[PDB]
Ligand SMILES: *[C@@H]1O[C@H](CO)[C@@H](O[C@@H]2O[C@H](CO)[C@@H](O[C@@H]3O[C@H](CO[C@H]4O[C@H](CO)[C@@H](O)[C@H](O)[C@@H]4O)[C@@H](O)[C@H](O[C@H]4O[C@H](CO)[C@@H](O)[C@H](O)[C@@H]4O)[C@@H]3O)[C@H](O)[C@H]2NC(C)=O)[C@H](O)[C@H]1NC(C)=O
Ligand SMILES: *[C@@H]1O[C@H](CO)[C@@H](O[C@@H]2O[C@H](CO)[C@@H](O[C@@H]3O[C@H](CO)[C@@H](O)[C@H](O[C@H]4O[C@H](CO)[C@@H](O)[C@H](O)[C@@H]4O)[C@@H]3O)[C@H](O)[C@H]2NC(C)=O)[C@H](O)[C@H]1NC(C)=O
Ligand SMILES: *[C@@H]1O[C@H](CO)[C@@H](O[C@@H]2O[C@H](CO)[C@@H](O[C@@H]3O[C@H](CO)[C@@H](O)[C@H](O)[C@@H]3O)[C@H](O)[C@H]2NC(C)=O)[C@H](O)[C@H]1NC(C)=O
Ligand SMILES: *[C@@H]1O[C@H](CO)[C@@H](O[C@@H]2O[C@H](CO)[C@@H](O)[C@H](O)[C@H]2NC(C)=O)[C@H](O)[C@H]1NC(C)=O
Ligand SMILES: *[C@@H]1O[C@H](CO)[C@@H](O[C@@H]2O[C@H](CO)[C@@H](O)[C@H](O)[C@H]2NC(C)=O)[C@H](O)[C@H]1NC(C)=O
Ligand SMILES: *[C@@H]1O[C@H](CO)[C@@H](O[C@@H]2O[C@H](CO)[C@@H](O)[C@H](O)[C@H]2NC(C)=O)[C@H](O)[C@H]1NC(C)=O
Ligand SMILES: *[C@@H]1O[C@H](CO)[C@@H](O[C@@H]2O[C@H](CO)[C@@H](O)[C@H](O)[C@H]2NC(C)=O)[C@H](O)[C@H]1NC(C)=O
Ligand SMILES: *[C@@H]1O[C@H](CO)[C@@H](O[C@@H]2O[C@H](CO)[C@@H](O)[C@H](O)[C@H]2NC(C)=O)[C@H](O)[C@H]1NC(C)=O
Ligand SMILES: *[C@@H]1O[C@H](CO)[C@@H](O[C@@H]2O[C@H](CO)[C@@H](O)[C@H](O)[C@H]2NC(C)=O)[C@H](O)[C@H]1NC(C)=O
Ligand SMILES: *[C@@H]1O[C@H](CO)[C@@H](O[C@@H]2O[C@H](CO)[C@@H](O)[C@H](O)[C@H]2NC(C)=O)[C@H](O)[C@H]1NC(C)=O
Ligand SMILES: *[C@@H]1O[C@H](CO)[C@@H](O[C@@H]2O[C@H](CO)[C@@H](O)[C@H](O)[C@H]2NC(C)=O)[C@H](O)[C@H]1NC(C)=O
Ligand SMILES: *[C@@H]1O[C@H](CO)[C@@H](O[C@@H]2O[C@H](CO)[C@@H](O)[C@H](O)[C@H]2NC(C)=O)[C@H](O)[C@H]1NC(C)=O
Ligand SMILES: *[C@@H]1O[C@H](CO)[C@@H](O[C@@H]2O[C@H](CO)[C@@H](O)[C@H](O)[C@H]2NC(C)=O)[C@H](O)[C@H]1NC(C)=O
Ligand SMILES: *[C@@H]1O[C@H](CO)[C@@H](O)[C@H](O)[C@H]1NC(C)=O
Ligand SMILES: *[C@@H]1O[C@H](CO)[C@@H](O)[C@H](O)[C@H]1NC(C)=O
Ligand SMILES: *[C@@H]1O[C@H](CO)[C@@H](O)[C@H](O)[C@H]1NC(C)=O
Ligand SMILES: *[C@@H]1O[C@H](CO)[C@@H](O)[C@H](O)[C@H]1NC(C)=O
Ligand SMILES: *[C@@H]1O[C@H](CO)[C@@H](O)[C@H](O)[C@H]1NC(C)=O
Ligand SMILES: *[C@@H]1O[C@H](CO)[C@@H](O)[C@H](O)[C@H]1NC(C)=O
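Chains as they are written, first to last, in PDB author numbering: chain A, 3 to 8, 11 to 27, 30 to 91, 96 to 106, 106A, 107; chain B, 513 to 547, 569 to 664; chain C, 513 to 547, 569 to 664; chain D, 1 to 52, 52A, 53 to 76, 76A to 76G, 77 to 82, 82A to 82C, 83 to 100, 100A to 100C, 101 to 112; chain E, 31 to 141, 150 to 185, 188 to 309, 312 to 321, 321A, 322 to 398, 411 to 505; chain F, 466 to 505; chain G, 272 to 309, 312 to 321; chain H, 128 to 141, 150 to 183.
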């Protein structure tokens, strides 16, 4: 669903990730470690599973899903997957410099 | 134990004087009915409780009161069974002594009250019919 | 044919105005009790119905009324829960809005009513006994 | 808990059939559709269908119809009625599907979106 | 007009939603024959006629066919009544002897497999010392090989097999679902009823309309129609995990049968129990088949296409395709006809592509005797053969379809006939009813005083 | 005074658990003499 | 020590002491469960 | 009738064989055929 390839960040910074399309059918956010099974981190655009820092929040005023994260921890570099029911997004590689 | 025990307890002042027992009665009147292999045990317990409650209510009903809780009857009381001074009958002893003292003379007070009250509505019926 | 079926139906005008609700009540008071595998099902339904009805009747009885069907209590009403004008309170809205508006504020009106009524028969009993 | 494992990856010559097993326990197996998700290196996830173990229902994608069989095996004896094995047989694979296969599932009572995932069997073709 | 006095009124019309155990009722049609000659005939109350339904007004209650009670429980009641009907019936336990079995001496071809296997075996008579040799006929889906190829029944190792009593007949019989004294059944009489959310005009009833449970995976037989519009009852249509119920107005006349002439035979298994097998097949041998009238079928599929195009945009392509896997009883739809179950396939119907801008249709069957219906882990039942030729005329009324999980921007939104379980067979029957609990004893403020 | 470990039945296993409970039946409807009159 | 009339020597004597006593217990023999078919759908679970 | 022997343990005279290795016939699903299966029992579960 045309997600950005990769992006970089530094500790203590807050960044927003935008998912395009999804035609207002509720999207979800998956965090994935390289070569591992991603586990759900955002579903229904309003809730997070237990064991997730509160710095994660998501919403969707329109078609695009906006996921904002704050005070990103230095060892939280990963890949991000956008879910729209049956499909799967393009994913992004988030790298935090040290 | 808090005043909530007084408000919505269960036998919270049973051993106290009947003077302090008269203030709370709802904690007894209400906490009497509300509260699949053993479904037969469920049915047995439920029917036993409900039939006991209905027998009690009918025993009230055949008398001259059904929902006044405190029921005062227009018939005299024999002074041979209790034989306690009525001035302090309401503040010194306990219901757990009353049941003891009145146990020997039993199922005859209800009979006398029933017959006297029965003739009471007999006279009531005669008066209303002749009216 | 006729008004008898309408006046002796079942929830005939539930969504109508509370005037039409007060117009007919027997459609609710009467049509509440009468009407080797599944026999236990039938008995369970019967006992549930009878237990619910007796709980309802007792909840009425411990209050200041038992069979008037129309109970007016002698205590004031807090003006913070309903907050609706009393001049047009009997014509415009519906019981299907009363339940919504009262769901937040309940199981407390019952407590206040029962406690105040209990004090009512308590001091009435004290007065009649002393007189 | 929610126990799920995979088995049967490896590398195979073109023109042969790859069997992938996903064995699940720790929950009642009648419900909770298996969702078979394939992840191709260098790209985001793609979906190749799902299976339902009540009656072996299948629902493929717009690409795999005629190349995949999503079979199942329930538990015969009522001793352990919640031990299920979903098998996926892939046939006639082209050289361009060296990937990793996961057998995800869903929440209690629904199927979307996936929460639990599998360690993942990796399949390569030579 | 300033003092606020509390009052409580009994009998106030006001209800809430609740979950409760409903109450069955059986029509006098089942009562006409008594002494358990039929199914579910002495397990219900007689139904009260001429109900006192009152057309309610100015009430906006909401339904939810998917998250509602009274439907998840009726399946439990049906399965419990079904299971209790096999307790006094025979058991087949000493039957699983090694059947020395051969092919019927038919004039078969290479492709047309012998659908009858002539199997002979040993059995224990009343005298426990002696053993007899008897022969019978089985369908091809009741024998699995072990090693003149020895065969055994498929579900013997799986679990013990129970034989249904010949007295009972599996034919569905109308049922009614009344509520115990205190509840009400709110049914709303809206024409274009989506099924979920508010529904404009309602009516309270004490008993349900005629409901009949028919076990059929695809194309629910002998059902209840819709009023004016061919309805598509699944609001959440975008997610492709949930089936899609369709209910079209004019019924389609599905006319099927088996033309063979079975000869029932009785063998003695023990002191009191009899094993009812198939004797010698007399007359001709053919293949049981179904017919659907082509013009009606095509017109109905056109109507379904028209109504489905509204939920996916006007300009799009729709093409059907037969089922693509699963067990033999969800791969193709199953139906009981005359007391026996046809697993008759349905690939001759769901094959039509409809771009945006009478020769009877025949379809072949295959017959199974032993069944594992509702997929109970350890209960397989045997259906005794029905003597003669069998036939049934039925009313196709709806569809049970599943979408295709097409990625990207799938335009040709292919659908499949997805049978699922037997619960959706009933959810289309009990979508208009909700069970409400009457809550009397309303509380209201007004002005009054109880003087002395 | 020799003592032995005597198992007995399994009822004494529980009797040490339910020695502090008794089941009492509530008897409402008390009767009492006092001074009052149900007026007319 | 819960029996008033302890003098009659037929009724048992119940004793209940305040502090518990830790009792550990175990078997180390590693059993291997094995399944045999006893009938059409029933298993007999012996030791291997 | 269990045809049964002693586990080939390194027992002494006092330490009686607490595991008896028994073999016996059993009826499978096919009622004509019979199998010979072996199992282990504790000494307090066999009488001669
Ligand atoms: C459940 O019942 C349904 C009923 O519809 C079956 O569905 C049909 O199954 C048949 C399987 O035979 C398919 O229909 C035909 O498939 C042929 C494939 O090859 C067969 O036929 C050739 C002869 O040409 C044989 O030599 C070969 O061995 C195969 O048996 C197609 O070729 C057919 O199209 C032909 O039509 C005419 C016939 O004269 C020819 O002139 C044409 O040139 C063309 O070749 C035909 O399509 C198909 O799968 C289903 N058909 C329909 C209409 O639904 C299910 O198969 C059955 N379940 C199972 C498990 O079998
Ligand atoms: C939906 O409705 C249709 C019809 O509206 C229904 O089709 C009916 O199927 C039943 C079988 O379940 C048929 O009943 C049989 O009819 C024949 C005559 O054709 C009778 O001879 C049969 O009676 C014999 O069998 C009985 C079994 O106990 C014996 O007791 C009896 O003595 C006879 O030997 C039997 O009644 C019925 O004929 C058709 N309907 C028509 C109009 O032909 C269909 O079954 C319904 N849907 C579903 C899913 O059942
Ligand atoms: C649904 O409809 C499709 C329509 O194509 C059916 O596909 C066809 O199914 C038949 C029977 O399964 C196939 O015949 C077989 O072909 C194989 C070829 O490898 C051969 O080995 C077998 O002996 C047999 O002849 C046919 O090829 C196949 N056609 C296609 C294009 O796939 C399908 O079977 C239908 N499914 C159901 C459940 O009805
Ligand atoms: C099924 O097999 C049995 C084998 O015992 C057949 O029984 C005999 O078949 C021969 C062959 O025609 C006949 O001549 C005999 O008269 C039959 N004996 C009896 C007692 O029936 C039986 O015919 C076979 N079934 C079919 C349909 O051919
Ligand atoms: C039925 O039982 C009879 C005997 O009671 C079987 O006849 C012999 O069975 C033995 C197996 O115990 C075979 O070794 C012999 O070859 C059988 N005799 C013949 C002439 O074949 C018979 O096989 C059993 N089964 C059937 C289908 O009759
Ligand atoms: C059933 O339909 C849709 C999703 O398929 C949901 O309805 C709303 O759809 C809009 C966009 O179409 C979303 O933005 C909303 O979040 C959806 N929900 C609501 C309450 O408006 C609806 O939620 C689906 N049903 C369920 C149970 O999820
Ligand atoms: C399936 O049976 C129905 C009911 O019988 C058929 O409808 C009519 O049936 C009668 C007698 O069975 C015939 O005389 C009529 O000719 C039938 N109508 C028509 C239009 O033919 C129905 O036709 C049967 N199904 C098919 C495909 O013929
Ligand atoms: C689907 O319907 C089509 C009707 O067009 C049929 O398949 C065709 O049948 C004709 C008649 O012999 C053949 O000439 C064609 O080659 C067939 N295929 C196509 C694509 O037209 C048949 O009734 C159905 N086929 C299947 C596989 O279900
Ligand atoms: C199936 O075949 C049998 C035997 O061939 C038929 O039995 C007929 O039964 C009736 C009444 O019992 C007799 O009057 C006939 O004489 C029998 N037929 C013969 C040929 O003897 C039976 O009718 C056939 N099934 C059907 C549906 O016709
Ligand atoms: C099949 O469905 C049709 C229509 O849904 C049924 O026809 C009507 O059924 C109602 C149900 O009571 C009757 O009141 C009407 O008199 C029927 N009309 C006609 C023209 O038949 C039909 O009965 C159903 N069953 C069959 C076997 O056709
Ligand atoms: C249990 O407590 C003791 C032990 O038997 C009994 O108490 C004795 O009672 C007898 C007869 O009443 C007296 O003569 C003795 O003096 C009592 N013991 C002592 C030491 O004074 C008592 O009777 C037993 N309980 C019952 C019901 O038998
Ligand atoms: C219990 O007895 C059985 C006899 O059937 C033993 O089975 C065989 O024992 C011999 C040694 O005497 C081994 O060489 C074989 O490999 C065994 N065969 C099998 C299939 O086990 C069995 O070993 C004995 N159990 C123990 C613990 O010794
Ligand atoms: C189990 O059954 C087998 C055969 O079914 C028994 O073996 C037979 O035993 C009898 C009596 O000892 C002998 O006369 C036969 O010669 C034996 N036959 C064979 C083929 O060995 C066996 O004794 C039974 N018991 C056990 C423990 O195996
Ligand atoms: C609701 O509809 C009924 C229909 O009889 C009507 O009498 C009533 O006035 C309506 N409610 C209101 C608030 O007008
Ligand atoms: C009967 O059916 C079997 C099925 O495997 C087939 O092999 C055989 O040729 C057929 N005919 C005879 C006479 O056995
Ligand atoms: C019963 O045993 C046979 C032995 O070959 C086996 O093939 C079959 O699968 C078993 N039954 C089940 C339900 O697994
Ligand atoms: C279903 O139809 C009703 C109209 O009765 C409508 O209010 C509702 O929004 C529809 N459902 C959805 C999911 O839009
Ligand atoms: C089915 O009905 C539609 C109605 O417009 C018609 O256009 C189409 O030709 C029909 N199909 C067949 C095969 O008769
Ligand atoms: C096994 O136990 C028996 C029991 O008495 C004993 O006689 C025997 O010597 C032991 N050892 C063997 C090898 O049987």
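In this text, a Cβ means the ideal position worked out from N, Cα and C, and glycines have one as well.
Given 8 Å, three or more beta-carbon pairs between the region 31 to 43 of chain D and the region 9 to 18 of chain D:
no
Is residue 392 of chain E near ligand 8, judged by its Cβ being under 7 Å from some heavy atom?
yes
Answer with buried or exposed for residue 204 of chain E, where buried requires no fewer than 16 other C-beta atoms within 10 angstroms of its C-beta.
buried
Sequence-distant residues of the same chain with beta carbon closer than 6 Å to residue 107 of chain A, five excluded per side:
80
In chain F, what lies closer than 7 Å to residue 615 of chain B by C-beta?
498
Give the range of the alpha helix (DSSP H) segment to which residue 477 of chain F is assigned.
476 to 480
Just how far apart, CA to CA, sit residue 368 of chain E and residue 418 of chain E?
15 Å
By alpha-carbon positions, which one of E:201, E:57, E:156, E:280 ends up nearest to residue 435 of chain E?
E:201
Taking residue 287 of chain E as the reference, which of E:432, E:163, E:389, E:266 has the closest Cα?
E:266
Identify which residue in E:93, E:490, E:74 has its Cα closest to the Cα of residue 275 of chain E.
E:93
With the cut-off set at 8 Å, would you say residue 525 of chain C and residue 533 of chain C are in Cβ contact?
yes
Proximal chain D residues relative to residue 46 of chain A, where beta-carbon distance stays under 8 Å:
100B, 100C, 101
For residue 319 of chain E and residue 192 of chain E, the rounded distance between their alpha carbons
15 Å
My guess is that residue 106 of chain A and residue 82 of chain A are in contact by the Cβ rule of under 8 Å, so how many angstroms apart are they, rounded?
6 Å
Hey, would you say residue 285 of chain G sits closer than 8 Å to residue 474 of chain F, going by beta carbons?
no
Spell out a yes or no on whether the region 640 to 658 of chain C and the region 607 to 624 of chain C are touching, meaning 3 or more CB-CB pairs, one atom from each, closer than 8 Å.
yes
Residue 342 of chain E, enclosing alpha helix (DSSP H) - first and last residue:
335 to 349
Just curious, the beta strand (DSSP E) that residue 133 of chain E is in, first and last residue?
130 to 133
What residues in its chain sit with their C-beta under 6 Å from that of residue 576 of chain C, if we drop five residues either side in the sequence?
none
Under 9 Å Cβ-Cβ, which residues of chain A neighbour residue 91 of chain D?
43
Just to confirm, does residue 26 of chain A get its C-beta within under 7 Å of one of the non-hydrogen atoms of ligand 6?
no
Quick one: any contact between the region 62 to 72 of chain E and the region 239 to 251 of chain E, if contact means 3 or more CB pairs under 8 Å?
no
Over the uninterrupted alpha helix (DSSP H) stretch that includes residue 165 of chain E, give me the two end residues.
Looking at the DSSP string, residue 165 of chain E is not in any alpha helix (DSSP H), and its letter there is neither H nor E.
Chain D residues whose Cβ lies nearer than 9 Å to that of residue 99 of chain A
44, 45
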